[PDB]
> 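Got a structure for you, written out below as structure tokens; questions coming shortly.
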Amino acid sequence: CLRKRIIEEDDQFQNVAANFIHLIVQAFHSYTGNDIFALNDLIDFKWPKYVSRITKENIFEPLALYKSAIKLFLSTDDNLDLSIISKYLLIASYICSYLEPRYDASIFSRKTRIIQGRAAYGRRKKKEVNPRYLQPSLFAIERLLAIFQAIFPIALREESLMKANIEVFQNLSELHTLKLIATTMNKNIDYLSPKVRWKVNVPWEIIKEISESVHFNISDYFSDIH
Amino acid sequence: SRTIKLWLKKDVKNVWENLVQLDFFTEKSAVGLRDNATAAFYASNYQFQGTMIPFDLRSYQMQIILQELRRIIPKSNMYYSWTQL
Amino acid sequence: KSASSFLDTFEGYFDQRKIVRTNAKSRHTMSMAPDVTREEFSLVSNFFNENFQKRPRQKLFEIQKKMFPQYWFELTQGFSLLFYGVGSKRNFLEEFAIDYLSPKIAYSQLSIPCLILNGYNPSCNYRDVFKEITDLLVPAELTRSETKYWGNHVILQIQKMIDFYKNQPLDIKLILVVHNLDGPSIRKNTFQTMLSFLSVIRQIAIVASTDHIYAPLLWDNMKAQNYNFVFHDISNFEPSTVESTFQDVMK
Amino acid sequence: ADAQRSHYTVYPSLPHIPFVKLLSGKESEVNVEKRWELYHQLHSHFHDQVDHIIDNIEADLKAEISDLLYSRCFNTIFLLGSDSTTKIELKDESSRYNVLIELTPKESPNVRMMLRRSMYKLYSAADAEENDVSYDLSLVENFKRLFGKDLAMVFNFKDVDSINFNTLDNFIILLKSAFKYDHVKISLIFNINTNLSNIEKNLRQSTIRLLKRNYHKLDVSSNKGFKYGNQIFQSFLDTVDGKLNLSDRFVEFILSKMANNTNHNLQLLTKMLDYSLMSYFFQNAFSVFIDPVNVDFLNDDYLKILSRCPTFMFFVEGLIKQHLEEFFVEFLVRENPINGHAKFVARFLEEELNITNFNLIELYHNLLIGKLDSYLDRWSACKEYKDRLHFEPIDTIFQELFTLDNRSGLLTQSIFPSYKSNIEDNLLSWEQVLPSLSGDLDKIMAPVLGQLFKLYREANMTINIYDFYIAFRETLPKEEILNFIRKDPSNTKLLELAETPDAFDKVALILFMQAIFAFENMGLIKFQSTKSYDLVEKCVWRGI
DNA sequence: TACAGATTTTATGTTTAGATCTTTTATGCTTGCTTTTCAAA
DNA sequence: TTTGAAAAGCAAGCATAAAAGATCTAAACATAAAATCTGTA
């Protein structure tokens, strides 16, 4: 790439390569530590992008060449479809794992009461520790289906609430097969036992992007608890 | 507030893995190297629960504590006041 | 009775998980319940199971026998049948798959053997059942290359039957009847994988029943593809006097 | 007894078409034969094109895998939406053995087993292509000394979203050690169904940096640009054209049901189309007249149910307000060119305009409902053909006997039922399932499961089973139980137990324990304690 | 009678699937004191 | 418009269910030398 660049646009090229290696070291030594291999990988990834920004003005000027390619030294850059029912079941699983069942009726209940009775009052306090930083809790299937039906998007013979049909359980089975959700047991698992409990198996950064793909406001359910 | 570059969470993962590899953290309640090949074989035919959860939820314990860090980090290091609690 | 406001949907789910105070909890056990021996339980149970509501069950069974040609037409097109409902579906599947299905298939292809599985029995095994499938269908035995390195011989043999049977004529060589597909040993992952790969084979007819209300959680998209179910509700409020002997009722 | 076994073979003692007689048992048997045969020509014509489409899917996917595979690091291919069934094939290239090694999570309990299975497959393939060895990576080291040829290894990791990621990471680090041998090149194929970032955050960052040197991505899933769905549905439109038309509600049913399935929505589409065709040829007696040579087979029943059409209603109401068999047999010649128009606008849409990311089922639905213009007002490149591509559907007369429509709720009971909702509704409204014909007892008392469910539905967290049994007793009547239990003098044990003063409570306890363990088998109820058996927890709620 | 080859017997190694028991941690009921929202003055 | 009062909430205590895993064991899968059988020459 350098041999094509110098004809398209030994000691001076050696100084150019050495200055690039020193710039890589001072940009990413805090990230890599004293690791020769990681710095070698960063040098390999960022050398052709550095060579591509070399002009006849930048070649004999180190500060100008660094200013032309400063974005190579600001980010490490060490990096490399799913259904609506399965997305909303993941959101309901995350809610079930990271919220207490006793405060469910204070959050999702919206029906007019023919019979007299007070609803849940809600929680008085705010938690000191973010629950999303800790391990997820274990829930039952019926709670997950209840919250899934409460958060799924919508006369005399319509019944606009979506009931738990074959497709909901089938998407839940794929959700466990991918281990986007998990159980206490993983080998010889009895799906039908009531003692078997379920938990979510995705972090917050995945469930946030999934909820952005469906325009659900999941951060509203954690802004007023801690 | 009283300028150190604040690294993102996607970049501290590499530093965290380097710290785990350099025996500064250990996995919580980990046996480690077994005494004999039979127990090691039994452990190799079992998948532990720590290796199935995401890396940011794995429980660790410290090989060095904060008092030792205060003892052997120099006074002129600019992270020193954080060694007291 | 609950002092609730709602009964249905999550409205009755969240509303019925009240934190009941310990002063309003009754300390009632089976100590003041009537003392009943085993034999009188059996006698009263069989008397109402053979006399109570018998005429509506007989009539309702006379309606749902008219669905047998539709079931046969579904079976010839490659669909597995799964039956579900409230009550025992043992006698229905026996009568349909023995009195009706096997003679009709045998006469249309010019009897057909009928393996009958009892998933209510906790000692139902996949290796014994597959040895009998080998005894009935005589598949070709796996080569050394087909055994790989400590692979499951049952699954590899069924996959070899799958890519053998794709070019055979599509005529039903076996009717395979599954009572209670969601019982204790039959709901496990390997046995369901075995029957899914058997259900890929067009030349085997699959008739199954389920009893658990959460039973469709057993099947992911691949297994649902392989089963290829047409669902049919047969609710009849039968005794279920055969499956009940496989659980302990006196406890 | 056979009831106490696990499995048993029965050969029934034997002493031809599953179609039945329609028109209240007045359809002739020749019409039954014609319905069976004509259903089979339509079914065979559909599935021949379905089979060619499926082989084209595997052929094109194999071609693009071979292209991405052959044009000191791994060659990594990330196959998104894989749902792995592909039989990958490699080149027969001289002086280099090309070995495909497939690994599943079942074959991967640890790194040692993965290496042992990989080296056994490698030695087996290299012996079959042309003394025993150790099944470790030194076989890769001495491959040229044992077989005289270079080594190209392609690893197919099946179902990476099920494999243990620490084990896979350590196996990749193990495979990195073979890069010091000049005769070895390694390809890795990762079959992904979740996301790339999901596996990116379950692997260590050094492995991610290792895989970043040479990696490619490729989408595998059946909803890649809709072109494999759009063929299959058009194949149905190449089968049913001039014979039946699709209803708009049936097409939006197809759209909603395919939007609910990720990995396998092509076979679900084929299953729904097949079951609709089965339902039509099993239900309607007019499907003999799809063949245009049966028009002499009209009878009084055919014309009697022919006149009950809303289109014929509107037509004769218009002709009465203005001022039968020959009118029917001449009006069966029109072609209904909506299918040809849909194929024409599809070939116009990727002919020159280069618009290929469309669903033909969405296009056909909007063409059926007359809102086609709102459908192609989205791409903002076909503004110049709002009158070239405009179509107005024509509501023809008596087309409602020749149609595929979803209004009886048969598809949503047979293919996608509300299973647990059906179970709890048959439990609670049982009079619906059971006929309303022990003459004096069946009118008064419900079946024990239904009464027990109605008392079960109206309860709290924890049900005390003794008080619940008392609540079950108070629903039962004592008098006609004691009358009906004495209505069989053959069994004297029943009479002497009826003579006991605690007969009614005992019989109610028989029925209650039987029904409670019926609910415990079905999963509705749960004993939270292994011992005691004094309390229960409800598991399931109606209408969720 | 005998003998080359196929099958059995006895003997052991390899890998997977499941049971049992122990230890430490979540959980569920109890009890006492504090808030609080909706059925009557 | 208030009122208050029973429903809801919070925290300590503590017995107990359960998750995790250490240890092991049976069962499928696999190989092998010596003896025994077996079908002919």
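Numbered from 1 within each chain, the chains take letters A, B, ... in sequence-line order.
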> Students often get this wrong, so: under 4.0 angstrom with heavy atoms, is B/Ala43 touching a base, only sugar-phosphate, or nothing?
nothing
> Give a yes/no answer on whether the side chain of A/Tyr103 brings an N or O atom under 4.0 Å of OP1 or OP2 in F/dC10.
yes
> Would one find a side-chain N or O of C/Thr22 under 4.0 angstrom from OP1 or OP2 of E/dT31?
yes
> Could you tell me whether the side chain of D/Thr462 reaches within less than 4.5 Å of the side chain of D/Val536, counting heavy atoms only?
no
> Could you state the NZ-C1' distance from A/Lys187 to E/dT16, rounded to the nearest angstrom?
10 Å
> Pick the nucleotide of DNA chain F nearest each of D/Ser529 and C/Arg127; which residue has the one closer to the 5' end?
D/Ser529
> Report the distance from atom CG of B/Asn45 to atom P of F/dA20, rounded to the nearest whole Å.
19 Å
> From the options F/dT31, E/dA17, F/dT23, select the nucleotide whose nearest atom is closest to the side chain of D/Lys106.
E/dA17
> Could you check how far CZ of A/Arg197 sits from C1' of F/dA18, rounded to whole Å?
7 Å
> Report yes if the side chains of C/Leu156 and C/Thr147 come closer than 4.5 Å at any heavy-atom pair, otherwise no.
no
> Of the two grooves, which one holds a base N or O atom under 5.0 Å from the side chain of A/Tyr121?
minor
> A/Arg102: which groove has a base atom under 5.0 Å from its side chain?
major
> Judged by atom type as modelled, is there a donor-acceptor pair below 3.5 Å linking the side chain of C/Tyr227 to the main-chain atoms of C/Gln192?
yes
> For a quick test of your reading: what N or O donor-acceptor pairs under 3.5 Å do the side chains of residues 104-120 of chain A make, sequence neighbours left out?
unit_1: A/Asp104; atom_1: OD2; unit_2: A/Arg143; atom_2: NE; d: 3.3
unit_1: A/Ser106; atom_1: OG; unit_2: A/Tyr103; atom_2: O; d: 3.0
unit_1: A/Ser109; atom_1: OG; unit_2: C/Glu11; atom_2: OE1; d: 3.3
unit_1: A/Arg110; atom_1: NH1; unit_2: A/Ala150; atom_2: O; d: 2.9
unit_1: A/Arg113; atom_1: NE; unit_2: A/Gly117; atom_2: O; d: 2.6
unit_1: A/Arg113; atom_1: NE; unit_2: C/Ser5; atom_2: OG; d: 3.3
unit_1: A/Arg113; atom_1: NH2; unit_2: A/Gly117; atom_2: O; d: 3.3
unit_1: A/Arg113; atom_1: NH2; unit_2: C/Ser5; atom_2: OG; d: 3.2
unit_1: A/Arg113; atom_1: NH2; unit_2: C/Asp15; atom_2: OD1; d: 3.0
unit_1: A/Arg118; atom_1: NH1; unit_2: A/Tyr121; atom_2: OH; d: 2.7

> Describe the nucleic acid contact of C/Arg17 in one word from base, sugar-phosphate, nothing, applying a heavy-atom distance below 4.0 Å.
nothing
> Measure the distance from CG on D/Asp132 to P on F/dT31 and round it to the nearest whole Å.
10 Å
> Ignoring hydrogens and angles, are the base of E/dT16 and the side chain of C/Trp150 linked by a donor-acceptor pair under 3.5 Å?
no
> So, does D/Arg112 get its side chain near the phosphate of E/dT16, meaning an N or O under 4.0 Å from OP1 or OP2?
no
> Both A/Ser137 and A/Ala120 contact DNA chain E. Taking the nearest nucleotide for each, which residue is further toward the 5' end?
A/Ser137
> Do A/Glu100 and A/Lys127 meet the salt-bridge criterion of a basic N to acidic O distance under 4.0 Å?
yes
> Any carboxylate oxygen within less than 4.0 angstrom of a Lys/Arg side-chain nitrogen, looking at D/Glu107 and C/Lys148?
yes
> Any N or O donor-acceptor pair under 3.5 Å from the base of E/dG32 to the side chain of C/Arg21?
yes
> If you look at every strand shown and take non-hydrogen atoms under 4.0 Å, does D/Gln528 touch a base, only sugar-phosphate, or nothing?
nothing
> With a 4.0 Å limit, can you tell me whether C/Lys18 has a side-chain N or O closer than that to the phosphate oxygens OP1/OP2 of F/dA8?
yes
> Side-chain N or O of C/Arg144 versus OP1/OP2 of F/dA30: is the shortest distance under 4.0 Å?
no
> Could you pick out which residue, C/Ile19 or A/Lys195, lies toward the 5' side of DNA chain F when each is mapped onto its nearest nucleotide?
C/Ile19
> Quickly work out the B/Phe48 CZ to F/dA22 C1' distance and round it to whole Å.
9 Å
> Between F/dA8, E/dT15, F/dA19, spot the one nearest the side chain of D/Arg116, thanks.
E/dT15
> Compare side-chain N and O positions of C/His153 against OP1 and OP2 of F/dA30 and report whether any pair is under 4.0 Å apart.
yes
> Select from D/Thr462 and B/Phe41 the residue whose nearest nucleotide in DNA chain E is closer to the 5' end of that strand.
B/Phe41
> Give a yes/no answer on whether the side chain of A/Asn188 brings an N or O atom under 4.0 Å of OP1 or OP2 in E/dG18.
yes
> Between P on E/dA17 and CE on D/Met113, what's the gap in Å once rounded to a whole number?
11 Å
> In whole Å, I'd like the distance from the CZ atom of C/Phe130 to the P atom of F/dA28.
14 Å
> Strictly below 4.0 Å: does B/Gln49 bring a side-chain N or O up to OP1 or OP2 of F/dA20?
yes
> Counting side-chain heavy atoms from C-beta on, which of F/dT31, F/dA20, E/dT15 comes nearest to C/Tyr149?
E/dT15
> Take a 6.0 Å sphere around CD of B/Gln21 and say whether it holds more than 12 heavy atoms from other residues, nucleotides or ligands.
no
> For A/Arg118 and F/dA8, give me the distance from atom CZ to atom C1', rounded to whole Å.
8 Å
